[PDB]
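Only one chain comes next, encoded as structure tokens, the form deposited in one PDB entry.
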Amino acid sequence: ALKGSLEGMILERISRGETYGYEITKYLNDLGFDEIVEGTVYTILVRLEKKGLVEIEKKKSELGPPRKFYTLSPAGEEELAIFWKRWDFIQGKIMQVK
């Protein structure tokens, strides 16, 4: 019911500390959005790197494979800023409709 917000919901989670595909997927699941799988998140996480909106600290393990840790870039700091202003707008309009 909100796949549009998913791209900005993720940047929201990344805005409050270094995080990883799993932790971000779990946080979305905890919010009530249990329909999504790890993969769906990573496939947006890849997209956000391509577009330049996240920064990457690749972290190694002797216990398993390497995980990526995600941070907002200045561009992503900006793009998230826009996303919310977009939300505020639409809620506000619906509000006056009601």
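Residues carry their position along the shown sequence, with the first being 1. The term rigid core refers to the most C-alpha atoms you can superpose between the two forms while keeping them within 1.5 Å.
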Residue stretch of maximal mean CA temperature factor, 67-75 vs 25-33: 25-33
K85, C-alpha B-factor rank within chain (lowest, middle or highest third): middle
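Missing here is the form deposited in another entry; even so, the following discussion is about that form.
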Core-superposed C-alpha of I82 shifting 2 Å or more between this form and the one not shown: no
Residue shift check between this form and the one not shown, rigid core fit, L63 Cα at least 2 Å: yes
